[PDB]
*Asks:* 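Dumping the structure here so I can ask a few things about it.
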Amino acid sequence: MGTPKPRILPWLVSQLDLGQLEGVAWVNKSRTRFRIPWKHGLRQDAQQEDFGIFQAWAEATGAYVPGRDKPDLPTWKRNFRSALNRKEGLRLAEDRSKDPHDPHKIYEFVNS
Amino acid sequence: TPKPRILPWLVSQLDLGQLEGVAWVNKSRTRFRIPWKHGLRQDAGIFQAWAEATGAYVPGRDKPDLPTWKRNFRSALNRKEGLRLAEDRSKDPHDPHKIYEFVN
Amino acid sequence: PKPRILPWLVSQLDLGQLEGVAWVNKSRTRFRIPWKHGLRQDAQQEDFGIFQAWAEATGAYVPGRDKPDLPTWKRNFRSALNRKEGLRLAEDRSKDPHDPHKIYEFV
Amino acid sequence: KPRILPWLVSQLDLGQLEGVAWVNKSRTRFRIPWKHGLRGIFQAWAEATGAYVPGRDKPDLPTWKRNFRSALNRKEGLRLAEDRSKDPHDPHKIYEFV
DNA sequence: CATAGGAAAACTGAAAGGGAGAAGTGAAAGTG
DNA sequence: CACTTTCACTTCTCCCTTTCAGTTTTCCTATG
């Protein structure tokens, strides 16, 4: 099925409802707020799949093909943040990215 | 009954005021505005009504086609001596419209 | 009706009235266009020279009727060249610190 | 929002920051005092950008020094010409516009 | 212990930059 | 006539990405 580029919010809601990425989850019964893992790239404990969502999105649009392009976790993170930053209907609700243990951010759908 | 002519039909729809944003724009009623929102806009007239008046569109029978309604309306108006396009505000993000004037 | 952008361009290159808008070969088929990034702290009106000249040619921009919108000028100049048979972008140096420009060729 | 280098030439030409000076004639070389403060042009910068508002914020002179050294670090056409931050007497560093 | 200092590189918001491609246009052929 | 469609273009909206110009974090060693 000749897919059009998915749009970031519809796509991401998928990822939330389906729960297949570790630490990317709805955080409440009403499915209104959600968490995103958000570890800093200079951290020594950091890997690839630390930040799956950023990579996942770079791949959902065709921007990064594993093995064709050089991996660039900084660029993925910044594209994702950037895309969501433009979205009426969405806000950054809680920045816990400097946490030494479960660094993440919480976002919240806001009804128009 | 026969086909309406665009100019008297147009005048009649401006008079009746049943179409939102379609209105005389001065006191002497020789200038007027037509809503002119660009079709690629999510939030997306008289264009349709003229398609309905002329038999070019029947709801049910036809697939809607705002682009062709707008194009036909515009080209029909371009031809008319005695009517000029006075102002193009079709890009404005709040009330995209154009302003015509009956002249002679 | 709107001018076509490619004949207007040759005309503009020949007149040679815009800084860094030039033929860069003898046969006049290769030309350069300045392309500095708007966000650069040394940017102004004539950093968008052919872009404005083009918005004025098509009547989009009337200095005094309209407010400058250089991203839109640049947007529409680039869009008008965007997939044009007969022109290709030979070289993107819009990123150069020194003289950001792009090189285009007639094909 | 002020740009660091135009801003810095403007602090140097104005000469009203203790120990921050043109050290040259062609005005292309300059000093900035660099004491290991462990018991100001760095705060000047932090206030100029809104990073620090005295009263709203906890004073943080190491961060201010950090942000200021890191900004200058990124500018092409500025060079650290002499590091005398480890001189016992007048701890300072010398930069040079190139 | 404690904090301050460094360079390198990751990070950030705001705004410019980009591309795809549907829809926009006037002039003039076409339609009955 | 009296519009409607075709042709040969340009440009606009959607919907993100990337640059700009610093700013922070990391992971350390030095200093107090």
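In the text below, chain A, chain B and the rest are named by the order of the sequence lines, each starting its count at 1. What you see below is based on every heavy atom in this structure, not just the backbone, and it leaves out hydrogens, waters and symmetry mates.
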*Asks:* Under the ring-ring contact (aromatic ring centres under 6.0 Å, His included) test, which residues partner B:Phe32, sequence neighbours left out?
*Replies:*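 Applying ring-ring contact (aromatic ring centres under 6.0 Å, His included) to B:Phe32 gives B:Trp24, B:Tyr100, B:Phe102.
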
*Asks:* From C-beta outward on C:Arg4, which listed nucleotide comes closest to its side chain: F:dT10, F:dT19, F:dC3?
*Replies:*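 Out of F:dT10, F:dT19, F:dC3, the nucleotide with an atom closest to C:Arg4's side chain is F:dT10.
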
*Asks:* Closest nucleotide of DNA chain E for B:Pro67 versus for A:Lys105: which of these residues is on the 5' side?
*Replies:*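 Closer to the 5' end of DNA chain E: A:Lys105.
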
*Asks:* The side chain of C:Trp35 lies closest to which of these nucleotides: E:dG18, F:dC12, F:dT4?
*Replies:*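 It is E:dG18.
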
*Asks:* Contact class for A:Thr61 (heavy atom, under 4.0 Å): base, sugar-phosphate, or nothing?
*Replies:*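 Sugar-phosphate, backbone atoms only, no base.
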
*Asks:* D:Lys1 vs D:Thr49, test: side chain to side chain contact (heavy atoms under 4.5 Å, CB included). Steps then yes/no.
*Replies:* CA-CA 6 Å; D:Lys1 205 192 154 206; D:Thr49 64; 4.0 Å; yes

*Asks:* For atom CD of A:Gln20, is the number of surrounding heavy atoms from other residues, nucleotides or ligands below 6.0 Å larger than 12?
*Replies:*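 Counting neighbours around CD of A:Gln20, 12 or fewer heavy atoms of other residues, nucleotides or ligands fall under 6.0 Å, so no.
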
*Asks:* Atom CH2 of B:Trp69 to atom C1' of E:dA22: distance rounded to whole Å?
*Replies:*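 Going from CH2 in B:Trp69 over to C1' in E:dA22 covers 17 Å.
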
*Asks:* Assuming nearest nucleotide by heavy-atom distance, tell me which of A:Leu92 and B:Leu85 is located more 5' along DNA chain E.
*Replies:*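 Of the two residues, A:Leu92 wins.
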
*Asks:* Take atom CG of B:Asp92 and atom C1' of F:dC12, then tell me their distance rounded to the nearest Å.
*Replies:*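 One finds 14 Å between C1' of F:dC12 and CG of B:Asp92, rounded.
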
*Asks:* So which heavy atom on C:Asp96 is nearest to which on C:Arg40, and how close?
*Replies:*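 Reported closest heavy-atom pair: O-NH1, 3.3 Å.
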
*Asks:* From the options E:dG24, F:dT19, F:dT4, select the nucleotide whose nearest atom is closest to the side chain of B:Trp50.
*Replies:*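 Of E:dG24, F:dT19, F:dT4, F:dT4 is nearest to the side chain of B:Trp50.
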
*Asks:* Verify side chain to side chain contact (heavy atoms under 4.5 Å, CB included) between B:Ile99 and B:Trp36, making sure each step is shown before the conclusion.
*Replies:* CA-CA 10 Å; B:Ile99 303 298; B:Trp36 213 284; over 6 Å; no

*Asks:* Considering every strand and a 4.0 Å limit on heavy-atom distances, what is the contact class for B:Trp9: base, sugar-phosphate, or nothing?
*Replies:*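 Since no nucleic acid heavy atom lies under 4.0 Å of B:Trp9, the category is nothing.
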
*Asks:* Picking from F:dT11, F:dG32, F:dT13, which would you name as closest to the side chain of D:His36?
*Replies:*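 Between F:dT11, F:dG32, F:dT13, the one nearest the side chain of D:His36 would be F:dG32.
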
*Asks:* In whole angstroms, how far is the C1' atom of F:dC1 from the CG atom of B:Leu7?
*Replies:*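 After rounding, the reported distance stands at 13 Å.
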
*Asks:* Please list residues of residues 77-86 of chain A whose heavy atoms come under 4.0 Å from any atom in DNA chain E, ordered by number; otherwise none.
*Replies:*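 Only A:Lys77, A:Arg81, A:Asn85, A:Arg86 qualify.
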
*Asks:* What's the angle between the local helix axes at either end of the helix from E:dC1-F:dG32 to E:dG32-F:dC1, using five pairs per end and rounding to 10 degrees?
*Replies:*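 Rounded value for the end-axis angle: 30°.
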
